[PDB]
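Novice: Need coordinates for the following:
(5 chains, ligands or ions: 1)
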Amino acid sequence: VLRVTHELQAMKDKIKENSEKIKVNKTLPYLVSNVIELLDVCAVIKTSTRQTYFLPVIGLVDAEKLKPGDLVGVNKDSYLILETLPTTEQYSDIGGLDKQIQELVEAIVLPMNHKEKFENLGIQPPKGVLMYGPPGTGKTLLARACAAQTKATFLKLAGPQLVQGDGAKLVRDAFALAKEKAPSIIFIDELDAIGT
Amino acid sequence: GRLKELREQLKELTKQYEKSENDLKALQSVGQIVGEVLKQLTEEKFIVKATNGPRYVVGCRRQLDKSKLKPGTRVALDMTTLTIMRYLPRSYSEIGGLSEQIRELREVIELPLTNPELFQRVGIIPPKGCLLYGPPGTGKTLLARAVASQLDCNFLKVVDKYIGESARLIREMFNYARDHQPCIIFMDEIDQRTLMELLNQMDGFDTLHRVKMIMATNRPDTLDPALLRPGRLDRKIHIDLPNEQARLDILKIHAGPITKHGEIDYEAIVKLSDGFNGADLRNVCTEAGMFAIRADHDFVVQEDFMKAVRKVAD
Amino acid sequence: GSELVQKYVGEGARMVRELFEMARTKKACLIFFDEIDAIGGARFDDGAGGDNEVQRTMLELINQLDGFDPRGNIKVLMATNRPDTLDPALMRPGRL
Amino acid sequence: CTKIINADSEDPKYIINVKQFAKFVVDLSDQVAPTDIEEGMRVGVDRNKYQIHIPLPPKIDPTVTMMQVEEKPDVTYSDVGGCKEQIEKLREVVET
Amino acid sequence: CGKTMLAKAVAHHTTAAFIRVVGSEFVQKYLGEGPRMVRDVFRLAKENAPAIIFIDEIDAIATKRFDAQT
Ligand SMILES: Nc1ncnc2c1ncn2[C@@H]1O[C@H](COP(=O)(O)OP(=O)(O)OP(=O)(O)O)[C@@H](O)[C@H]1O
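Specialist: Residues are numbered from 1 along each chain as shown, chains lettered A, B, ... in the order given. Next up is the structure itself:
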């Protein structure tokens, strides 16, 4: 009969702890940010104020699901982690580049269509297609047509929009969004703007 | 039976309560600000800087082992007294005929890597590196990572100066390289007073750790007479001219990891297109595989290679 | 053109985007750019790259002007004394 | 003033960030209807109370607003001369 | 014919704060670091003791003026 007593005791420590645990988030200095990294005898958190803090106590929540880099609920003043928190054209409208069209197809959709043959032959299709040439030699149009025909999710990227660690975080967020969906078409325009 | 669940229940009743104590105890640490030991002002106090930028003077708490807290050491300080706490630092022959490669290169790369006693008794400083030159690609792009295979150790690929960061980074990674004596630094595609200054790191700046820093790359258009002088650059190895039989061997090597009928007239294929380059033969194999992918042929038919051979010949 | 360039990196692109949004909200709007050579009328982009801010601002401008889905009701006029200095990207028809 | 960047079911738990200091997980102020709170628009939060007290209208960026001419100079084509062809070409691209 | 080695020997068997650090610096942003260095060395010189400097390959900086407009 002492078993229910201990389990009724559980409605005891949890209630007070919950109240305190549900203040750091609400409090203004929450500074919810990304955990720089993790260690063991512990957390390292880069607060959204551009400050690196070291927490001996790795955090109230168990450390197994503290992935290096993720929304971290830094406490208002202790800066300890509290909660993870939630995270129209056709290929008949362009000429003079048909060979490039089939090359891009066989390199970009063939993995989408069937990749078994590539594994059978022991050669995998490279990832990432570069479109370089004079500003006139159409490639934005080719990319738009390919996206329109093939059914996937477009990911439009530009040098100016990315730049503002804002650039790195935005790039990581977009790439993660692409990773989440199995079909993904990633368009980076004037890539020379970033990779200077 | 009715007691078995009670036993397990007990473990549960403690488990949730177990966390309460862990949570409560964990519910007090105030964290700390991370910084670096900028300098050791005194055995009792040292100058440090938090990542935020402000610089203070702090001291060891009880025993921070100043012997190991040399200038530059991550440490977390409490934002109530600024005291030092826990410190935490945060194919052997893929080109067919490689007799040229497995010969002078080996005898000049590993020989100075094993027995420094031999040369120091001879009184001659071991050669620090040799330069390879010849056709780009096969001799330059290829067989560059292969050197690690030949020596069986991981190497570092290093791709007047902006701020001298070339030499600066070279030296800063030199200690890491020296930490692994078998490691070899391969500053391929290396390309005033930086290249010439580049001639001074090899003499000193921690170059007594038995590593052959082979400056093997045809990329640098300008050649330094002082470097090619005996000592610095012991000797130069010219990438051998493919004989169209080494091409056959390369095709066979790359034909290995390929699914095909087997009735491949490799000699006919090599005669079809003179790619001349190991990467050209790689492209040949890739194009044959692609042609096979056309019509969905798990194998590769004979004509597919010929189309691949013809395509690269263009 | 000077009002576009600012001390902070990328601010010019932000203001260009703001102007584009304001135009998009409105209907039947005409825009006139003067001293276009001022606003990134070059692409030398040497190793020093001191013009990187104006360059990225101009890239954002051209991208928002044409590409993917423009408004199609934005009549753009441009007055420059020496267009020869202008970059190929803007001078190419479709944008102008 | 703060900008909302997300919301969550059950307790709203907005992830608003004020200007650039930091993202704050703040609950709505007591005296606000939950309908008004939405994503990606200006709102008002107090420092200590940390809570969204009143929705705000979108940013106007007065530089862009005053950039608009909002004035018609007293110039007519009659005064201009010798550019009849150019006048017609511009008209075909702006007015007609 | 024996130069850099002589300077090296002087460095090895001296007591001054020999700071060569004179990499021929064309540079593009900081131009005229002469005073930036010598003063430091003089500041070093009085800081500890008189210093010495040494370098070759200064032939580029030699020149003879000539045009003043290009
Ligand atoms: N071969 C072509 N067929 C059809 N339209 C073309 C072709 N080449 C260029 N274009 C025209 O150019 C545009 C296609 O994208 P665009 O030319 O802008 O991209 P690009 O030439 O690769 O370089 P950039 O995107 O930098 O301008 C459309 O206006 C399209 O009509």
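
Novice: Which strand or helix spans the closest residue to chain B within chain C?
Specialist: Across chain C, the shortest distance to chain B (C-beta to the nearest C-beta) belongs to residue C:47, at 8.3 Å. The way it works is simple: take the backbone N, C-alpha and C, and place the C-beta from them, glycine included. When elements are assigned from DSSP states H and E, residue C:47 belongs to no helix and no strand.

Novice: how many other residues sit next to it?
Specialist: 7 (other C-beta atoms under 10 Å in any protein chain shown).

Novice: Return the alpha-carbon coordinates of stretch B:286-300 using CSV.
Specialist: Extracted in CSV, the C-alpha atoms of stretch B:286-300 (Å, rounded to 0.1, in the frame of the first residue of the first chain):
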residue,chain,number,x,y,z
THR,B,286,31.3,6.9,-66.0
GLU,B,287,30.0,7.5,-69.6
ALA,B,288,29.8,3.8,-70.2
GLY,B,289,27.8,3.4,-67.0
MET,B,290,25.5,6.3,-68.1
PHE,B,291,25.0,4.7,-71.5
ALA,B,292,24.1,1.5,-69.6
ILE,B,293,21.6,3.5,-67.6
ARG,B,294,20.0,4.5,-70.8
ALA,B,295,17.6,1.7,-71.6
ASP,B,296,18.1,0.5,-68.0
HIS,B,297,20.9,-1.9,-68.5
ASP,B,298,22.3,-3.1,-65.2
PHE,B,299,25.3,-4.4,-67.2
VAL,B,300,27.2,-2.3,-69.7
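
Novice: can you list contacts of that stretch?
Specialist: Stretch B:286-300 is touched from outside by A:106, A:110, A:114, A:117-118, A:120-123, B:258-261, B:301, B:304-305, B:307-308, B:311-312, with contacts defined as C-beta atoms under 8 Å, 6 or more residues apart in numbering or on different chains.

Novice: cool, stretch D:87-96 as well?
Specialist: Contacts for stretch D:87-96 (C-beta under 8 Å, 6+ apart): C:30, C:75, C:77, D:77, D:80.

Novice: contacting residues around the fourth one?
Specialist: So that's residue D:77. Per C-beta under 8 Å, 6+ apart, neighbours of residue D:77: residue D:87.

Novice: Any figure for the gap between it and residue C:49?
Specialist: Per C-beta to C-beta, to the nearest Å, residue D:77 is found 45 Å from residue C:49.

Novice: Equivalent analysis for the second one, please.
Specialist: For residue C:75, the distance to residue C:49 under the criterion C-beta to C-beta works out to 34 Å.

Novice: Okay, strands next: where are they in chain D?
Specialist: Along chain D, the segments classed as strands by DSSP state E run D:2-3, D:42-45, D:52-55.

Novice: Stretch D:29-41: which residues count as buried?
Specialist: The neighbour-count criterion (16 or more other C-beta atoms under 10 Å in any protein chain shown) identifies D:29, D:32, D:37 as the buried residues of stretch D:29-41.

Novice: Can you give the distance from it to the centre of its chain?
Specialist: Centroid separation for stretch D:29-41 versus its chain: 18 Å, with C-alpha atoms, centre = their mean, to the nearest Å.

Novice: State the distance spanning the first to the last residue of it.
Specialist: Terminal residues of stretch D:29-41 are spaced 16 Å apart (C-alpha to C-alpha, to the nearest Å).

Novice: where along chain E do the helices fall?
Specialist: E:4-12, E:34-47, E:59-62 (DSSP state H).

Novice: Can you lay out the ones you listed as a markdown table showing mean neighbour count and distance to chain A?
Specialist: Output for these, formatted as a markdown table (neighbours: other C-beta atoms under 10 Å in any protein chain shown; distance: least, C-beta to the nearest C-beta, whole Å):
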| stretch | mean neighbour count | distance to chain A |
| --- | --- | --- |
| helix E:4-12 | 12 | 38 |
| helix E:34-47 | 13 | 29 |
| helix E:59-62 | 8 | 30 |
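
Novice: Quick one: closest of those helices to the ligand.
Specialist: helix E:59-62 (42.2 Å; C-beta to the nearest ligand atom).

Novice: which residue ranges form the strands in chain A?
Specialist: If DSSP E is used as the criterion, the strands of chain A fall at A:33-38, A:43-47, A:51-55, A:71-72, A:154-158, A:185-189.

Novice: likewise chain C?
Specialist: Ranges of strands within chain C are C:29-34, C:74-79, based on DSSP E.

Novice: Any chance of a markdown table for those, columns mean neighbour count?
Specialist: Shown next, in a markdown table, are the strands of chain C (neighbours: other C-beta atoms under 10 Å in any protein chain shown):
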| stretch | mean neighbour count |
| --- | --- |
| strand C:29-34 | 13 |
| strand C:74-79 | 14 |
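
Novice: residues in contact with residue 46?
Specialist: Because you didn't say which chain, this covers chain A. When contacts are counted by C-beta under 8 Å, 6+ apart, residue A:46 is found next to A:33-36, A:52.

Novice: nope, chain D
Specialist: residue D:53.
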